[PDB]
Amino acid sequence: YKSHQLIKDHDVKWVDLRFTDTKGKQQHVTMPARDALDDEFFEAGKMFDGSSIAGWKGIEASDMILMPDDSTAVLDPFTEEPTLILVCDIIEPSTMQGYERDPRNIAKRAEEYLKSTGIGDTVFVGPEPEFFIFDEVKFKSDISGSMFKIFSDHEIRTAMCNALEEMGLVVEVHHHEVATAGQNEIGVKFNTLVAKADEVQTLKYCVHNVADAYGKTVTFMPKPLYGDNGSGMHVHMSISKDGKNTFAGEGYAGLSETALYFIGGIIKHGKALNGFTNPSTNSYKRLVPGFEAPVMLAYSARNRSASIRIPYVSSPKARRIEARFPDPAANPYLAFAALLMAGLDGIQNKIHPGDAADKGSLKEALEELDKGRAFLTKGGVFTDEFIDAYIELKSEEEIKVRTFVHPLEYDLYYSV
Amino acid sequence: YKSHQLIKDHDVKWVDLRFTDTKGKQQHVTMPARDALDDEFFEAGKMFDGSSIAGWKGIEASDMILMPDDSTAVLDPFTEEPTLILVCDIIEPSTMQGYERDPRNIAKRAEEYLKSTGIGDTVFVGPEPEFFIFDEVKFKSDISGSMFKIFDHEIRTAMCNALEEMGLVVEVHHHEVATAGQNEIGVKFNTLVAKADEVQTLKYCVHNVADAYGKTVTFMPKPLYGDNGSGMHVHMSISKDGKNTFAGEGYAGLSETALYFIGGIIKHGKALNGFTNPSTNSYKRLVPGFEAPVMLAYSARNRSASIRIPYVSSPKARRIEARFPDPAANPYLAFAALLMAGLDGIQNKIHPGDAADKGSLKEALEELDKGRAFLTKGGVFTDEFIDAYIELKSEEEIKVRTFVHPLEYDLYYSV
Amino acid sequence: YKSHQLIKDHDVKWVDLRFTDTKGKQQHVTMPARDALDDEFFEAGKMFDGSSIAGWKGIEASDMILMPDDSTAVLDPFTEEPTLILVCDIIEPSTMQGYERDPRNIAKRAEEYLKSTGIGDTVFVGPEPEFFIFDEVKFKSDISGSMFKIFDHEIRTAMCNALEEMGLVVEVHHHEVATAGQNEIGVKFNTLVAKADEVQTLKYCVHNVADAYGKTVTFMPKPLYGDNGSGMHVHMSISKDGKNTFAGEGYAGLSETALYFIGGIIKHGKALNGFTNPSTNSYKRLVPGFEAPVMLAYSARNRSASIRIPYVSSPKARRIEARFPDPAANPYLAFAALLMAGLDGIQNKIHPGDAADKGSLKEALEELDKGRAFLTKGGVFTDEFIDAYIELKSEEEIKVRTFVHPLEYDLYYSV
């Protein structure tokens, strides 16, 4: 196991286990390093009680065990004292199986389903999340009024890149001022589904910590400012079978019929996917015309308004599909799994996407998903027991947002 | 003796002797280390006068001797000068036995009673205390008005370091699992008396470190109205010659002995609140709508039950979990009362019934007054001590019930 | 109708209709006097919607009418414009009868029942309320804390003048009898319903005058911990055809009818607390060592008895004094309950026993729940009304009980 070498070499004192909840926050728990030396730590896990977490309320979650994944062990740079970071999974103490409501388990099941189907052997995915940097921000809500206010450089970007390197990510490019003041994006090398999903969390954590250390503030929300561009997360994806780029082929822009069926499935299930790729009321402020955001539910190689793009590449080895609509708020595991299952359904049904294009709301998306749930449960990757609770959470948030009264209403109607 | 060795190694100057009173506060005294070098110190104790203490008022307390327990000797981390720390018991100068009103003596007598009964050889118990951390707190009471007002790996790791230095075995450090400012620290379980001493030391260490960092820390069962309270789950089991007597076959692998234990605890539960929840604040926590238990029953899955059986990998780890106790309870007395209720259940083979599936301080005191029968069983408790304890606890109930509160002004001032 | 002549004499502009809710607060509405001139105003009342009021949340209360009582017409002293004040009763539009939950209707029904039973003819009642005067008061309750703080002939004469102008008959004015800030004004006795209305008018007058002079006045039973509370002594008597039926030969010159009345009151005292002490604050007053009574007995000299026989110079003035009630009680319901208890005592000839010589709101409510019998007797009270009242008071008690108070911080914060 990899953890033993690090512990012995750097006399680590504390071990920090981490895991993502349903909403996407990375909860963590600390313990001394004494009990991590024996292999029993990796052979039996540690006791845990997750009943208090939002998506896991119920009797079932009253007793659980955390199982570390030694593949992800690293050392913490920020802590003044040596500390070993590990990711973990949730295992049901009764059945020794991955918990139904665990997004990481769902992603692993999706990978296993693809492997069993045999259409390909692995899947490569790379996201491109943007973010915003500000000097100060305030917000408050109360039964007597609501307010939000915003107050607004190689050094900070270099520090961010250094921190990411020290984590162990392969940075490729850093952008700034590309579209509007305060917006930034850091490129990173692609990877397999689960590993990339894990890496996104580390990216967010390190960005937040560095921005705080420098006295600024950083936000990933889809649209913080009304009159400016939104923050997107494009997703590049491809499937590999024994080293062959299954998508690479002869046709429109060199896509194979397999890739075209993938696109067709994505198009067919696009409306339902918004429940996972845009799980916030803010997303649909971004998704509007007159801006860089995509509008038409179509695929293209040149049209900027299409939601699916075929990037140009020098070699067939690099042929990939690009989805534009997702947002940083989306949970990585669930978003990637939903996209993969939609594509696989399209491939299996050989749904022709049609001619290449040339020349909503959260409530609506949830309603569409509730009835379109058929394909997600295919193969036992997703389950209705989980989909229902997810829908309840998002519906509660939507109701809360919708019922409130907003300041613009006073301007529009107070005098009438 | 361990103390001789420690003093010789670290040229200690001062010795601190500590003991818990009836209310649950660690009183202590200090001496120069020069006198402790004589074995006569451990063979004869030191003169003491405890008549001033709340629960010991009377003729007897005017003359007592403190007997140190060398097994607990440790070194103080905080004191600038080297200091030794020891726990002590209270012995009557007339007849060399523990004073009737000493909770540690009561716990030791409970252990002896279990050993003599022979149902088992030893008992293992592990509590899970919980606490809140705040930045600033104010409160005041007077005839003219009353007021109260309330206002991060580094600090948690500092607490863990302090506990390790004092000699405990930390296992995990939770953080804001349920609500902001709530924390808990797991610790390796042990026997009854040792675990009680460990709980005392844990409280002392947490308070000292939180003060040193400029914060404040409290163990009150429910400091805030709108948030969850602070409980203390208690896991326990009985061992006989290395055999987990509770381990067996049946519901969740429980033995009939364990089931009778549950039945006894269920029967005597109402009386136990006088020891496990000895504060008016406890019954603010014990209400519906929160994580606190509500129904007096046992179940392995239903979290609303007051007794639970956590899953374990091996029968060797079979234990029983009680939910209702609170941090305010005196460790010695609470553990002794729970053990006695379980032992009575076993003795009378009281069947607990089907597993569940799908009050006030004055009331608790009244119930205890009538249910005192089992506690005095075997002579571990005495009616004299029970009466003194009930009388002492009555004052706080009366004072709280008779005082006027600000909410009343809001509700009735304009009427 | 007296309203016509009053309006013609003083060119009144507005008429203010007033009524009382279940909790005892006086709600009111206003309208132009132009409308009230025609008799149809008195014949048909005016449409009203009481659905929002606490005790009348039932669906039926969504459509009601107000019947003004010409007997209560008066002119408002305070208003700059001429204003005419009237009291009103709640009538069910469908049945043209008094609404089941109107305290004034309940009192009228009790009077009618007494008259029909033939035991007597009329009841004379004199209450003796008290109040406290302060310079300033502040109070606040929030998730983050709680707080409450408290900080001569002119004013007393002004209050007397205001009462006289509104038409009451002042008798005596006591100030600082035993403690600073406590005052009482005596007023002539009268019949039940009229006296009940007079009490509301007196409260309104006192509040308005205190506000005008810039101080604050409260009727709450117990505002300060270390000082005597405020209570309502109720003198009561029954007259039949001009004869004081209570006068007679016996202990302190009472008749057997009066003795049976007292016996009934003593027997049903526990249930009466639900109406004579409907506030948690009252049970802070009801404690030993202060002005409040303790023993549930009757005596002519023992001050601790809850029932007293005042010494009088003539049989005509023979009366019974009840000491336990408090100002927070709703006058209509309190008087009706006392009358019903006394009537039951007389009807069952319950002997009170020898004269004495030489709880909580929860308990009171649960006891009233069982004591429905003697109240529902005669049909004056209704089980639906009793259930709604108990629901309101229980909700209030729960709110008060399930809360944290500053005294708890001083007691248990470090524990």
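So you know, we letter chains A, B, ... as the sequences are listed, proteins then strands, and number each from 1.
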Can you establish whether the number of heavy atoms outside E128(C) located under 6.0 Å from its atom CD is more than 12? yes
Sequence neighbours excluded, the answer for side-chain hydrogen bond (donor to acceptor under 3.5 Å, both in side chains) partners of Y332(C) is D197(C)
Would you check if the side chain of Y412(C) reaches a backbone N or O of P221(B) as a donor-acceptor pair within less than 3.5 Å? no
Region of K138(B) in contact with chain C, defined by heavy-atom distances below 4.5 Å: neither
Rounded to the nearest 0.5 Å, how far does OG1 of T402(B) lie from CG of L407(C)? 8.5 Å
What's the shortest heavy-atom distance between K25(C) and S414(B), and which atoms? CE-O, 3.9 Å
Between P406(C) and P406(B), is there a side-chain heavy-atom distance shorter than 4.5 Å? yes
Using only heavy-atom distances, determine whether the side chains of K149(C) and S144(B) contain a donor-acceptor pair under 3.5 Å. yes
Most heavy-atom pairs under 4.5 angstrom with chain C, which of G226(B), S279(B), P327(B)? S279(B)
Is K57(C) atom NZ crowded by more than 12 heavy atoms from other residues, nucleotides or ligands, each under 6.0 Å away? yes
Comparing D227(C), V404(C), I143(C), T280(C) against chain B, the one with the most heavy-atom pairs below 4.5 Å turns out to be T280(C)
Taking all non-hydrogen atoms of both residues, which atom of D410(C) and which atom of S141(B) are closest, and how far apart? OD2-N, 4.3 Å
Main-chain N/O of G145(B) paired to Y225(C) side chain as donor or acceptor, under 3.5 Å: no
Using 0.5 Å steps for rounding, measure from the CE atom of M220(B) to the CG atom of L411(C). 10.5 Å
Has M166(C) got more than 12 heavy atoms of other residues, nucleotides or ligands less than 6.0 Å from its CE? yes
Please flag which part of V137(C) lies under 4.5 Å from any non-hydrogen atom of chain B: side chain, backbone, both or neither. side chain
Salt bridge check, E408(B) against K222(C): does any charged N sit closer than 4.0 Å to a carboxylate O? no
Chain B contact via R285(C) - which portion, at a heavy-atom distance below 4.5 Å: neither
Parallel, tilted or perpendicular: rings of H405(B) and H405(C) (30°, 60°): parallel
To the nearest 0.5 Å, how far apart are CZ in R401(C) and OG in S360(B)? 8.0 Å
Heavy-atom pair count under 4.5 Å with chain B, highest-scoring of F219(C), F139(C), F151(C), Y413(C): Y413(C)
Toward chain C, the part of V415(B) with a non-hydrogen atom under 4.5 Å: both
With a 6.0 Å cut-off (strictly less than), is the heavy-atom count around NZ of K399(C), excluding the residue itself, greater than 12? no
